[PDB]
Amino acid sequence: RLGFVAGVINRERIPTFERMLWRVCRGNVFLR
Amino acid sequence: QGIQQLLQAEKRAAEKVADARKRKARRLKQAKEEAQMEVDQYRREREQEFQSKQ
Amino acid sequence: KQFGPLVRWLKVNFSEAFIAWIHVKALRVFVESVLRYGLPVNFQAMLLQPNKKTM
Amino acid sequence: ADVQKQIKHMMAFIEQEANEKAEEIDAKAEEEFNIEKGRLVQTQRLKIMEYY
Amino acid sequence: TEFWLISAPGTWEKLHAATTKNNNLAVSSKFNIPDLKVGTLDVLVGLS
């Protein structure tokens, strides 16, 4: 139905963002 | 390699959600044509008493 | 005259509220288990017991 | 590996809501199919009851 | 008195008895809860 959002982020926190974003939504995400 | 297989399942979920839109609409158009059986019920119910009282 | 009336009230209301928090903990345990684990039909249910000084 | 596990959870979560949102339309097609039949039959009798 | 309640899903219900083999930690009771109603994804995380 829905579920697409596009953005940009720096590479100095890209590994720290995907580690924290998984614990906040309790999974149920696909971040490539 | 997983985003292509994920979007095809939601595209399969779109027609299943539209099949309910093709099932709720199918029971509604059938109801407006099965309501004519009430017209055929009262027409035979009135003619039995519009001749015994005539 | 209000001692026996209140002690009979606190004996049944606190037991209802402690069972209400126990039911809300299982609702918090039924939640966050279908998101942390997969939801084919239902996740495997399990619990634990208390422990002292070896946590 | 572990990212393929989250893809399998999304396939079970999207098909579950696709089964819930379609069955809720069927439950709306179960209550309103008789509520429109009972309303139209009471309406059709009144157009003949004045003629009766 | 304290308490800890942790669920560990995936047989899979027999590995919960393997936590009872560590006798110095816990007894690892089952404490089963019945099946509830599901069918929400946005409202499941919104109820959290």
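Reading the values: the criteria
- Residues numbered from 1 in each chain as written, not as in the entry; some residues may be left out.
- Chains lettered and ligands numbered in written order.
- Part of a larger assembly, values for the part shown.
- Heavy atoms only, no water.
- Residues with missing side-chain atoms left out of burial classes, pairs and counts.
- Helix = DSSP H or I, 4+ residues; strand = E, 2+ residues; numbered from the N terminus.
- Rg over C-alpha atoms; globule rule 2.2 N^0.38 Å.
- Contact = heavy atoms within 4.5 Å.
- Nonpolar A, V, L, I, M, F, W, Y, C, P; charged D, E, K, R; others polar.
- UniProt positions renumbered as here; feature names shortened; annotations may be inferred.

Caption draft 1: Structural context of the overall build of chain B. Along chain B, the regular secondary structure elements total 4 helices and 0 strands. Along chain B, helices (α) and strands (β) appear in the sequence α-α-α-α when read from the amino end. Its C-alpha radius of gyration of 24 Å places chain B more than 25% over the 10 Å reference for a compact globule of 54 residues. Along the longest, intermediate and shortest principal axes, the C-alpha atoms of chain B span 80 × 5 × 5 Å.

Caption draft 2: Looking closely at the overall build of chain E. Tallying secondary structure elements over chain E gives 1 helix and 0 strands in all. Overall, the C-alpha framework of chain E stretches about 40 × 30 × 15 Å when taken along its three principal axes.

Caption draft 3: Focus on the interface of chain E and chain C. Across the boundary between the two partners, chain E contributes 16 residues, which contact 9 residues of chain C. Of the residues contributing to the side of chain E that touches chain C, the split by class is 9 nonpolar, 5 polar and 2 charged.

Caption draft 4: A look at the arrangement of the chains. Contacts are most numerous, across the 6 pairs of chains in contact, for chains C and E. There is no contact between chain A and chain B; across them, the least C-alpha separation is 7 Å. Across all C-alpha pairs, the smallest distance from chain B to chain E is 14 Å, and the two are not in contact.

Caption draft 5: Up close: unusual backbone geometry. Although it is not a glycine, A:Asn28 sits at a positive phi angle of roughly 55 degrees. Its identity as a non-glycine residue notwithstanding, C:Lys53 has a phi of 65 degrees, on the positive side. Tracing the backbone through its elements, the reader meets C:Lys53 in the segment after α1 (3–30).

Caption draft 6: Highlighting the UniProt feature "coiled-coil region" in chain B. UniProt tags residues 3–52 of chain B as "coiled-coil region". With 92% helix and 0% strand, residues 3–52 of chain B has end C-alpha atoms that lie 76 Å from one another.

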